[PDB]
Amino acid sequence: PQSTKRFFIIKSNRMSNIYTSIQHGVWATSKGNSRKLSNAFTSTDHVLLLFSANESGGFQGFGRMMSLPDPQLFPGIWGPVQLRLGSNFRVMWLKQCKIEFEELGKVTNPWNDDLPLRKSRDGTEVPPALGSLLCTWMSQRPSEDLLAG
């Protein structure tokens, strides 16, 4: 499928990887999600990534996928978990913020089996009407210095 904008929820089990992503403009995901994001990148004008650390209760910001996975990009930057991930790709964070899932009220995702937004696994796609609004709301918040600490 070809389209203008697509939106994916990214989960991280460690805050340090979010900090590394922000400092270096890089991400990597599971091998299966890497194929999904790669297919989206080559078929979509803009692939937006909405970042939510595990057990953080919400989103820390969003960014645009800028390149395809590349084994030569920052090899091994995540440590040994690199072995369980696809290759690294460039991401440009467009906003760092704090928005809790609870602030959005009850929201479910029709592209993810009617699961609550807060129950999204890594790589979950959201429909464009919802994804666009999530990015708009994030952009309208004050920027948060996530690297504080």
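Sequential numbering from 1, following the sequence displayed.
Quiz item: Averaged over C-alpha atoms, is the B-factor higher for 45 to 53 or for 101 to 109 in this PDB entry?
Solution: Stretch with the greater average CA B-factor: 101 to 109.
Tell me which of 65 to 73 and 85 to 93 has the higher mean C-alpha B-factor in the deposited entry. Of 85 to 93 and 65 to 73, the stretch with the higher C-alpha B-factor average is 65 to 73.
**Study point:** Residue, from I9, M15, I22, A129, that the PDB entry assigns the highest Cα B-factor
**Key:** The record points to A129.
Next item on the list: Grab the CA temperature factor for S30 from the record and place it in the lowest, middle or highest third of its chain.
Entry: Within its chain, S30 is a middle-third residue by C-alpha B-factor, going by the deposited values.
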